[PDB]
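Worksheet for the structure shown next.
Chains as they are written, first to last, in the deposited numbering: chain D, 17 to 65, 76 to 152, 164 to 357; chain C, 18 to 65, 75 to 154, 163 to 357; chain B, 16 to 65, 75 to 156, 164 to 357; chain A, 18 to 65, 76 to 150, 164 to 357.
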């Protein structure tokens, strides 16, 4: 009947899919998410005695404490208006965890939802982090080949923990009563196609003529007489989640103001892409597969078109 | 740290409201406390595209029990894809509470947020398995005149946070639910919505179904002003979620009439009236594109209307293009 | 009608005119305080991570009480004479009401192992006031002179923190029990006009002190152990917690007693802070509260920490012990 | 902040226990989290003979939480007593004997109650034969691996021992997680607190009457013993475990064998106390050195501080 994250994790290890060390890591990350989820809910009251960013920091500390049993954790400072990234390195040096505490620094975008994003890499042979460490992490963490697991935790009307250890996507819902994550969905599959596009059309006049065209053909009441549906929360995790469940396409293209997209490759795009690919979808930068793009910079950015396989291929068409 | 209950009892004290209404408002919040929990465990509950619908029903039952001490509650059933509306009539007959359990029947639109919407009227007329009939639905529409007898209104947003917004006729107050103590804590007094905001909330998928008036309006927003910064587009799909963000950060939200729906989708009495009374108390404007939503007297049972609601200046701007 | 919360129930009473908005806000604030104290009690172990363990808690609980009644009045503190719990006294800005609040029922970790609780009483002063928390001697003297249980004790109650959190209250017309719903954080009326059984073969005493009691008492204690009728003697139950032991006595009947002994010549329980509220409550539940000879409420506090023996519980049971103490 | 889960996984990683048992112990705790909530809302639940159906509901919750580990039958109560739930792993590596609530009386559960469990490693209602088979398999003095209880009172405490000391985990109301609040608990070698139901003083043996009397003698300090008796086995046992003293449920005239059942109550409690550095006797012998010949077997219990129990034994000799 009821399967908790812990039960589910131990079974996997019993099957030898993951080792105790990784079971502890994944368990600790979720522990952190249970606490971050609570900070988010009481944030208004907390403030009685702007706030979104101050929350990023607090969330990274909770993360560090929860993983003190597995390894030390440094921090990659937000270059720009970004969220500071916490990087944990196992004392064993067998696992590294890149953790994105909250999905945004804006209060507007976190009005109804937000979430954490994480990825786990395994080094081969080769508190703020310095330039000598940053360049090192960047080289050590390659999403394409050494990314073992990834997931996110959505904090919205419900707290969802999504995870993939390389063999499918599992969804665990947090039970408010018992403070535990219960498996509510196995091997999640994102629909092949969906009549839903998730873009910020406020920037329509900043997009390339390629994209303006794609965007325009969506508004054309198709075969039936029903045009695509537009949905854009502003929250990467929230918008991504809805795309994962109901299908469609999400996109954060490059514009006049942002010549190379806003979403960071290693911290946000890579985990989301690995997950979607396990859910049977596609994650592209417009012309190519996100995972193959090897990070050369610390806060490297890239355009994102992620979601249903047919929907993404469609946009790729207008952009070639 | 003022809680909803403390705040409520104080108002009753200044004579702004009577004990009866204090009990009503207090009961509604208890209901919302339970609905908030149904929403959060829904996935697990299902472990035992209609999940959003069953949830609507369960939520109305919770509402009924919590107000059993104040009066009887009937139901105006969801003909189409509308949400079934719960109507509570005080045993005293001094009040009637129109309650919208969830803001939608779609799972897609409730992916991250949803909410309850209520309005309280004071009948100036007579009296009136659980599903109300025609003769009564009529009675209610006739009895509830948003422009006059609408005394209080509010909503409870269920999202990354559970917020309860209320107005008793003298300002808008925001109460956050403390997870630890299971109580609503006053986190904001006399909320005022900004006069303008460069954020628009519309479903542009329907761009080609809109009037040429609107198409122009929408297009002029995407024009990077002299600051080289155009408008921001945000649309959750959730009436309560989209409305709330508009209330806090400013901007404009709109659910215009198109070709498929020549009269908009949002029902006048059940959704538009409460939201408009609230926004007008927050210093904003609620229009149907031409006239004040609260000026329209409800005449048909499931009457729908276009909605342009938000910052005073933003709404006046769209009314120009539609003039 | 189906779900009656404390708040609904209070507003209904004020409507009948039984109580005023001012008192409704006082009683409501006390329960708010009790909701937070309930939480301090439950997490105390964890709190201590990040045997006076119960003495600190007393203090913290009084601050929570003061903040919650901030809207109604100022609150000073009558410090612990010996191993007593510090008492918080709130005086309404209006001067219509005074609230004597006992944060926890004890200072011992042993006695609070499974339960503890808060006790409060509300008086309607006829005389003067006091200013601004440790209250001075003259200040404490005024409270004792102004708080006359037998004539101006308006309401009283307690909140038990055990396997369940119970809030019992009486506004002068019966005893009502409200259970705290964990899920919604609201007190739900679970019992109306509670009545304590006229009789009950149960006794709650600390027999460790058997050799320190009077020969009168020793003979009472002994006659209880005699397998009566069906050949079933009395049942002994003593948690150590005044609120816990009192509550069980109120629900299932019997007699609770904290008599004077060789060491404690006048008992241990304080008259005004502990015995008076409990007695008013039991009397409303149809019971009896005695000091062994006279009705507790007939006694008038004359000293700042006046203690007294307590025999409280079922009417017939208390009369039986008095018959011996005579 | 070490939570039960963290602590559990570490023990497994250390090879002290296997994933299978980790899952069992983890499931038991999920069950207790729910039972803890049933207990707290029982009054409200009744608004929509109490501590009796609560027993039942509690066993169902137990069954569901361990459905992932094994099948669970039930040993029906003869008289008033509590129905015992027995879970057998699908693997057949573990048998969990679960006592949902510590009592069937409302009087005794007025302020506290609790669950008691024991796990044996073998080398809806369960009928005679099944029972007859469990008594022969579950041998406390040889195959009892772990045991614990969850007290539901002013606080929700989960006590556990996997064979190497006693650990106490407090439930955090806010996060719904058991947090390790005490490592390697040790019960004092002596404590001046006795927990007995003196109402039955006249039904006790002359041996016991004399023990009881000598306790009331104000020692060289002019201080007699302190008497504390909640009525709750888990509640009275826990306080004894923390502050020391002695708890006892002796045999009287009517009950020539005591009231507490050997396998369901006395055994787990005794294993725990012995791990806390104490003693659990029936007045004459160690409790873990007694093997039932029927499951509903009852036995007198004298449990608590080592010195305190040895003293009563001296009087019982």
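From the three backbone atoms N, C-alpha and C, an ideal C-beta is built for every residue, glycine too.
Sequence-distant Cβ neighbours of residue 150(C) in its own chain, meaning closer than 7 Å and more than five residues away, are 183.
By the Cβ-count criterion, residue 324(B) is exposed, with fewer than 16 other Cβ atoms from all chains shown falling within 10 Å of its own Cβ. Counting C-beta pairs closer than 8 Å gives three or more between the stretch 263 to 275 of chain B and the stretch 232 to 239 of chain B, which meets the contact rule. The count of Cβ pairs closer than 8 Å, one atom from the stretch 172 to 182 of chain C and one from the stretch 327 to 347 of chain C, reaches three, so the stretches are in contact. Residue 278(B) holds the alpha-carbon nearest to the alpha-carbon of residue 345(B) among 278(B), 335(B), 271(B) and 210(B).
A check of alpha carbon separations from residue 239(A) across 238(B), 125(B) and 227(B) identifies 238(B) as the nearest. For residue 53(A), the enclosing alpha helix (DSSP H) covers residues 36 to 64.
Across the structure, residue 197(D) and residue 190(C) are spaced so that their CA atoms are roughly 21 Å apart. By the Cβ-count criterion, residue 169(C) is exposed, with fewer than 16 other Cβ atoms from all chains shown falling within 10 Å of its own Cβ. Per DSSP, the continuous alpha helix (DSSP H) segment holding residue 80(C) begins and ends at 77 to 92.
Flagged as an interface residue toward chain D: residue 221(C), by a C-beta distance shorter than 8 Å. Boundaries of the beta strand (DSSP E) around residue 200(B): 196 to 201.
Within chain B, the residues whose beta carbon sits less than 8 Å from that of residue 238(A) are 238, 256 and 267, listed in sequence order.
Considering only beta carbons, no part of the stretch 175 to 198 of chain D lies closer than 7 Å to chain A. Closest in alpha carbon position to residue 230(A), among 120(A), 216(A), 356(A) and 281(A), is 281(A). Short of 7 Å from the beta carbon of residue 91(A), and not among the five residues preceding or following it, lies no beta carbon of its own chain. By the CB criterion at 8 Å, residue 142(C) and residue 52(C) fall inside the cutoff. Beta-bridge annotation (DSSP): residue 319(D) is paired with 344(D).
Between residue 348(C) and residue 286(C), the gap from beta carbon to beta carbon is short of 8 Å. The closest CA to that of residue 271(C), considering only 44(C), 47(C) and 133(C), is found on 133(C).
In this structure, the beta-carbon distance from residue 250(D) to residue 342(D) does not fall below 8 Å.
With a beta-carbon spacing of about 6 Å, residue 86(D) and residue 101(D) fall inside the 8 Å limit used to define contacts.
The Cβ atoms of residue 140(C) and residue 129(C) lie closer than 8 Å to each other.
One Cα belongs to residue 126(D), the other to residue 299(D), and the distance between them is close to 15 Å. Taking a cut-off of 8 Å on C-beta distances, the stretch 211 to 224 of chain A does not touch the stretch 28 to 45 of chain A, as fewer than three cross pairs fall below it.
For residue 36(D), at least one C-beta of chain A is nearer than 8 Å to its own C-beta.
Here residue 222(B) is bridged, per DSSP, to 208(B). Restricting attention to 321(D), 19(D) and 96(D), the CA atom closest to the CA of residue 37(D) is found in 96(D). Take the alpha-carbon of residue 295(B) and the one of residue 221(A): they are about 37 Å apart.
In summary, residue 226(C) is exposed, with fewer than 16 beta-carbon neighbours lying within 10 Å of its beta-carbon over all protein chains present.
Taking a beta-carbon distance threshold of 8 Å, residue 310(A) does not count as an interface residue toward chain B. Residue 304(D) counts as buried, since at least 16 other C-beta atoms from the protein chains shown sit within 10 angstroms of its C-beta. Burial check for residue 167(C): the Cβ neighbour count within 10 Å stays below 16, so the residue is exposed.
By the Cβ neighbour-count rule, residue 117(B) is exposed, with fewer than 16 other Cβ atoms within 10 Å of its own. Within the stretch 120 to 150 of chain C, the complete beta strand (DSSP E) segments of 3 residues or longer fall at 122 to 126 and 140 to 147, listed in chain order.
Under the Cβ distance rule, residue 60(C) counts among the residues neighbouring chain D, one pair being separated by less than 8 Å.
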